[PDB]
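Data first, discussion second: the structure below is written as structure tokens.
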Amino acid sequence: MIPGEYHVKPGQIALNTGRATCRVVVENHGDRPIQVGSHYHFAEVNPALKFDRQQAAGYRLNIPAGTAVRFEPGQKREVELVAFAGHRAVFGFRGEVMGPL
Amino acid sequence: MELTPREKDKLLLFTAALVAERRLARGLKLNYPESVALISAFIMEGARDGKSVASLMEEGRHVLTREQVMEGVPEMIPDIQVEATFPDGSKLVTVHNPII
Amino acid sequence: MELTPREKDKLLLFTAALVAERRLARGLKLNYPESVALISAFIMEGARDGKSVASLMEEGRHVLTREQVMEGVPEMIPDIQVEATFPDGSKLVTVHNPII
Amino acid sequence: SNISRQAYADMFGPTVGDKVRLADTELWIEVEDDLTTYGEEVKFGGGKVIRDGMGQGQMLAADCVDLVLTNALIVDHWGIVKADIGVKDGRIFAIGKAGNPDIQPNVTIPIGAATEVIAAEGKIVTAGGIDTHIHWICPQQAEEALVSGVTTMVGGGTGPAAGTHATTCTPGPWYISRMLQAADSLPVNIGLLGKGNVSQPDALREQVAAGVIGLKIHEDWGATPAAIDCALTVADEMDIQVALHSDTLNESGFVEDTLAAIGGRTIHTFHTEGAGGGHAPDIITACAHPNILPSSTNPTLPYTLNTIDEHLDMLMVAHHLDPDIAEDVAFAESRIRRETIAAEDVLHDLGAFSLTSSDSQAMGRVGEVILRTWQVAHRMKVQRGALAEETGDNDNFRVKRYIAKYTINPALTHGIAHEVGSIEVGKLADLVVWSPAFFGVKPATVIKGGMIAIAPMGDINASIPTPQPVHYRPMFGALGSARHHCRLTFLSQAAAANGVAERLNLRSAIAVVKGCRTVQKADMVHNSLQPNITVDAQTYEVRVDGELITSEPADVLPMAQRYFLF
Amino acid sequence: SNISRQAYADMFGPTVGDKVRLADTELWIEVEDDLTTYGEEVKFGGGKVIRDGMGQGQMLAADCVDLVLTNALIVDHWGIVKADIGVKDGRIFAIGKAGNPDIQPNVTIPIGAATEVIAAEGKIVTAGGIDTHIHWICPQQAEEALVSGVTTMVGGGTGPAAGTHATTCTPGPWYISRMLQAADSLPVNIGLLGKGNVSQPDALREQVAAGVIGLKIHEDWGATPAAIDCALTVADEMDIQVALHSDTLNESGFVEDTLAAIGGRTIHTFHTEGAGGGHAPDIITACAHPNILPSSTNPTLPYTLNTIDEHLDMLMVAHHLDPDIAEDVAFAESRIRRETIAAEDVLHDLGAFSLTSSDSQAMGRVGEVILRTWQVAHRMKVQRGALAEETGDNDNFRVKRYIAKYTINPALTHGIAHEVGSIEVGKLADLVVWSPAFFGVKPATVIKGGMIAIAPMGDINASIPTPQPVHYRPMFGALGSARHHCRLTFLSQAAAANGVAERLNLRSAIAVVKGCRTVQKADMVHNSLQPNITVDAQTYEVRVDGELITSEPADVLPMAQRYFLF
Amino acid sequence: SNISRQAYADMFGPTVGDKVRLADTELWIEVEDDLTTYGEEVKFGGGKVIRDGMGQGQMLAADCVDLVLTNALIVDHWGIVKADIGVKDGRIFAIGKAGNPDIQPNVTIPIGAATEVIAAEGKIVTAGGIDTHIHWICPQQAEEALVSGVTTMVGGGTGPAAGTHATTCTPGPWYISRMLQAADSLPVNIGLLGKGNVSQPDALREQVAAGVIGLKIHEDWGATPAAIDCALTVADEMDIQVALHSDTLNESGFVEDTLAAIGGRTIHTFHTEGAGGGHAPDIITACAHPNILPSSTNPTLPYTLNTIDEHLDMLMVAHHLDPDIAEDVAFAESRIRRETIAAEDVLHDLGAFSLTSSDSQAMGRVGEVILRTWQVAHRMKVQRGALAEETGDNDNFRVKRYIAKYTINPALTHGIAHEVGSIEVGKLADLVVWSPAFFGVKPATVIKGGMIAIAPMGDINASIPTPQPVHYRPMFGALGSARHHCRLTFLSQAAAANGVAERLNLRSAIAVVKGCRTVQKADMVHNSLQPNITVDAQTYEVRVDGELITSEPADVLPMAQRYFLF
């Protein structure tokens, strides 16, 4: 007996199903580490991360909500992106879009 | 004495620990509040003695064992935190999984 | 610990009893507040041990005798009542004419 | 991508199909539904989801909620579901999916710059409890009840006076006015009960016009057929509720005479089992009638090994009885019956008794209404097994039946269900957040009208809020003008119209009671059973349809020694 | 039928001829009269008398009292009688026989639906005490005094500042306004004293117009003939009282010079014995004059074995004196005289000293005014026997003489006797209920303006209000708006007319002082003696008509170690 | 006549040339000037100077001060001088020579009948502290800070909610209104910060119009270039301040990108060292810019042996990070650097960092802002010796540089220096009196708006205020209406004009912020250094002009175990 214990049924949860995704190779050319959140508009991340910013337009990381991907200086890796939904309007970040798309 | 609110608040913790201390002495298995108070009071005295935060983070995991507390209690206490005046001022001691 | 108001209130009773306990130990005849606190604290520990209400209603009358308290005190305490968490929840213990 | 169910539960709390143990009881609840879109859950913190342009939008205050409780596991009479809860203007705005419509799908609860966040992942959220049997013996009772998870208190009293020690009555206009003014200082919603024991209607109408939302008929003031009829007549014309504590002495008649005096009119019967007062030994038979809304006070819940022993002296002090007067001790004993005390627990499990209450400091414990209700549920599952209504391998239905006893049913009974009583849109945001290990015992957060009013708080000078000692302390929702704005003082329709709030210069928000005469047993959520119940005059045995109703006394209970210091 | 006297006493409290011991002292009171009709006493509880159609009538709120204290044993300056007390609109309605005129005879206090009940059988009820020597060093003093049975506090101060530590003065309009506003937060009636030490009349008139009900002349601010004359001139024109602490140093003149400066005008002399301040060593001779209303502060009451020893260092801290400065220690010593300390106790017994007060935290104990007054009475009975005025085998007269010292006399002295000071019809219902075993030490209930403000209260979560721990806690009468309605802020006639209450937006009820200039020694109830008293300049021996006045120091006192935890 | 210097110091406190040790540190201050006329010092007490016609004059209230602090040793950014302080209408009237012009020379502070006296001889008097980094997690923080000597608290929050646990933000109009109302109940001056993280200007303008005096940009809500630019644009048009907690993750850019986004506009950078949040690992380089007003939070002050060890778990709880999530622990570790923690202490000593604050219960200790500031000064004197600016054999300059960090500089940074922040004529009389042995640790008296609000107080029932137990208790300045009159609620110019105070019915005095956009680093008193500072990306080494900046960790500190019970 453990007070308030969970009895989680075994299995897995499929995240962001039925949505467009794409893979992109990213490389940190800066001398300081960069960490990106699950819902940040990838096309507007720190300029030191080199990748096809055009392909990442309207996309965010396809990872569980609230988690992140870290890039140490010089680190190169391939990440999977998932398209934004809702109104597909991007406001904020580095102020590159500030509107629909 | 000019006791500030925080000093008086800690007197409440000290007293709660006296209660637990006497019960443990009788051979009773401690419950949730008694366990938290006993381990916390232990740390506060460690700081008064001049022990380091690092030493206490370790020693605090050896005050009570799973056989001295009620069932489920160890799981109700994933960690214990308490602050006290060390020789170098107030510091926070965090003891992870204190009861095993 | 997440102490509720009632738990903190009982800490006041426990502490008052510590005062009386030390004085009785010195051989002093206890006064009105000291007697009430000592017997009350005794009952609370009885409940923590798991004693029944019926047992405590009886045992509580044997904590202090007329020769251990000041004159008039036994008459100032026709009964003592205190509640504590028994294994089966909160229960009220009423001890009639505790001092004889 | 993909994530395992366990890892998922650790981050966002349980989802559909997962079960959770309620504290240290044998009751398990299973998540029935989850209103989220997997992958789009909102989480707050360093580098999380609720950030500008991401989980937080660009809308103005008018178009977003003031507060959002993220990933909450709701337990209410209507369901046990996982969802986000939005609060706007101190009221429940929506139960659904929170976030930013600009980039997220299915958002029904918009988060903007004006939105505060309470992380509820891994926590259970319920409506604030409603105790309708309060004796205003001291103001300290309010903090005790609030800490336990009770946000509304209905009762009567003027302080530690003999009349109040024994009855839930605030006698007359002067005292009623005084107590309505004092109520502004308390962090709970309050409604008052006046003294209903009079055979002159105008003496009752004055009290209702002064502000009471109900009338208490108590035997200590004379629970005679004439007084009962008078109170009900006035209640019928002013839309207020009547609470009854019948003639234990059978002085004016037996239970059938009292029932006849009531004449099918709506009435709330206090401590229907009888130990707290009522026709000896069959007052419990009242739960068979359609016009009776029956409740229990808490010291007899549940039946345990020490129950009987503690009752005699408790009875005496509560009613100013003299143990040296034979007639006084004989009538105290006729109220304490093992037979009816044991049957009461089963009647609750069957839905024959619809409410639980305290009877604060007058044969009841103000901080144990919720706690004892769950202990009864536990003891009943242990003894009787699953209810006939259960579906699946969980105790979801039993949980919904019992939570209704101290939430929606007391609200319906007293005509305040339009304001409080459950987590439904439009109702006051009185919410209680619980950690599963402490469900029903010690809350993590108590919210009143959209503001946190009390919560466990560690060392004030600490670097974080968690260091010891951690104990309950009043928060901003319990302070001065903020408190007034987050609490409600219930008035009768007549008092509201007479301008009582303006006259007394009441500072808190005002709410009016209504629908007290139209509620009946059939309206009690999950607790509408009208059993063919009988009590043997000699043996006191309780029978329903001829079958004997009884239960066994507990030697040990959950939600007890594992959580309390004393 | 018939009932034995003992059984009767156990049910309704004592009656005519029965005697009761006051706490653990040697003082016994005998019931002088009983206003009841045997067989018709009202008692509340399960199956008792106060019930619909029985002891409770059918009248509307306007025709019955709000509160009734049943079977009370009243102890007041006018008598020691058994009776019911009715309270209506926060004031004393009547002292007589309560009940229902419909079926009971001789009912003068009607009980109806609007009536709350406080059971006083077996209890002693007195008026709330009045301490006229308060140093507002901290707000916590109010709760301490209220708990002791004191409901009105008159004094001055601004908090823990040097000026207030030493004197009862609230200096100027700004501080006076601020303290009048702060007073609304305290559960006692309050009146303030301004700084009267100035030789410019307008500087005094401003303070009176701002709100003070009196002016304190203190030697620390210069108690010179010029300052004294100025204060008295203004007092004479604005109907306010002057309190004096004379020139101990004899710097401007001797006691005869100060008396000459007073010039037969009414004045209240603080701590007339001298230890608390005043012409050394003969300030005590002031009690011989008709215009002097003399009081004692409490640390010298009564003369005990440890009295002298504790005084020196107490004196030093209270007056900011330097123990290293010879002149400072010499003047401290000239104030402490065994001779005058011993005589003071006898002068109280003779009625030469008319009031007792504290001198809170400035050479006095705020919670011990009542307690010490009774200890003096006890020590005097023990040493001197019965007073010449005693009739019967009881101490009734001595009790009436002493209770007047902290109730009606302080009220008369300060012009507030029209509102408080005794249990008489029309006065504010400030009452204190005591259990005989704890009389004068720990009250059972303290009522302010008709509402209980503080009382001993047990475990808040308990099934009854009696379980331990039992300690004093604030009740509804001490909460927000209810408090404002149950307390009084006394103002000068000028302030009242100037609209000070409206300007500062004071929330409490307002009362105005009057008749401060017309009271004289002959008006002090049971304490109007003007003895031909002399003090020997060399030996300090006090003599009245040539006979030496003195007493012996107590080694042990009642109302001490038997009741307190520390 | 003549008097020796030691005897003089014992009676009136030290004078020109005398030195005093600050608590148990190695810091010594030397009296720079004395505004008295030897022989004419005012002293209060039995037979002292402040008496009618002597040190007290005949003037009306309008021509004298309400309060005078006699013989005070002032320690402020402008000087360390001996003088009397006069307070009138809740504000600082004058710093000079008090007394009666009728008989005394050079009197600039007239004492009359309306004057209260606080004896400050032998005590040090300073302005009340100002903490600009408050997380309103619980109301109890106000008493803790006040007791420490802090009289103004600026921050944001709604209680113990996740958003507030992590950020100093009061989200939106509803919560802002609620917190402004709750503020009337707290005994400190208060100003609120709204959530500045939005890319829609109107969502910010609404909050400013509702009452906030600043906007907090926090990474937990998204500290992106777009959000930063938006907040600064609104700040520039509404004259409010912006507080920044930058993007630690370097997610949107590096420190140079954030600085570019700021674009030379005025901004207050919170915990500039970085442990409390900010671009890893070089956020500390911000102190080089003219538009940046940099502050430190207190757990990293000063660098000690246990500092690093306690930080990791503190970080986690404060930001709702998961220790099981690798990315969460990696970003927590990147914030804790021995290199920047050690350099911070030196940067304070050099005047590169201009303010100290707490970061209450979110990686900071609310009652230790003052205490830790002095511990840094001590550790710096011990390690680096005298500052280049020092003159004489004392630490006067270092003391002025450090006191400015928690008094005048926070006031200038937030646009409230016209009301509080220093002991200058016309400013609110928020003063703190200290005994030299307890300087910076435990105050003797805390004055708010001219009234004592909290102070150590002994046994309430004692004969004097000094007997044990002595602990801090609320005084009259903290009570109801008196409190409202002695505290300030700061509003934005827009809110003031919109009538927010009238709408919410705020009871306290209102003050408006102004000059938040025009302050720059050059305006920080004694702390205007703009060093050419660099941080090595790999080693984290801090260098100024190429030289390495560092210090050694303390094993023992003053103002620690000698004063606290726990």
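In this document, chain identifiers A, B, C, D, E and F correspond to the written order of the chains, with residue numbering beginning at 1 in each.
Everything that follows uses one rule, which is that a residue touches a chain if its C-beta (ideal position, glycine included) is under 8 Å from a C-beta of that chain, and two chains touch if they have at least 3 such contacts.
Under the contact definition, chain C and chain F share the contacting chains B, D, E. Same interface as B-F, judged by over half of the contact pairs sharing residue numbers, among the pairs B-D, C-E or C-D: C-D. A separation of 46 Å divides the Cα centre of chain D from that of chain F.
If each chain is reduced to the centroid of its CA atoms, chain C and chain E end up 36 Å from each other.
A separation of 33 Å divides the Cα centre of chain C from that of chain D.
Chain E has residues 460-464, 466 in contact with two or more other chains. Touching two or more other chains at once are residues 1-3, 5, 35, 37, 40, 68, 91-93 of chain A. Multi-chain contact residues, meaning those touching two or more other chains, occur in chain B at positions 5-6, 10, 12, 16, 19, 32-33, 36-37, 72, 75-76, 81, 90, 92.
Across the assembly, chains come into contact as A-B, A-D, A-F, B-C, B-D, B-F, C-D, C-E, D-E, D-F, E-F.
Residues 24, 437, 458-464, 466-469, 471, 561-566 of chain E are the ones that touch chain C when the two sit in their complex.
Residue ranges on chain B touching chain C, taken from their complex, read 12, 15-16, 18-19, 22-23, 26, 28, 32-33, 36-37. Residue ranges on chain F touching chain A, taken from their complex, read 199-200, 222, 224-227, 229, 249-254, 257, 280-282, 325, 327, 330-331, 334, 537-538. Across the complex, chain E meets chain F through its residues 136-141, 144, 158-166, 171-175, 178-179, 181-182, 184-185, 194-195, 197-200, 202-204, 206-207, 219-222, 224, 226-227, 248-249, 251, 299, 310, 314, 317-322, 324, 327-328, 331, 361-368, 504-505.
The touching residues of chain C, when paired with chain E in their complex, are 5-6, 9-10, 12-13, 16, 19, 31-34, 36-37, 40, 70, 72-73, 75-76, 80-83, 90, 92.
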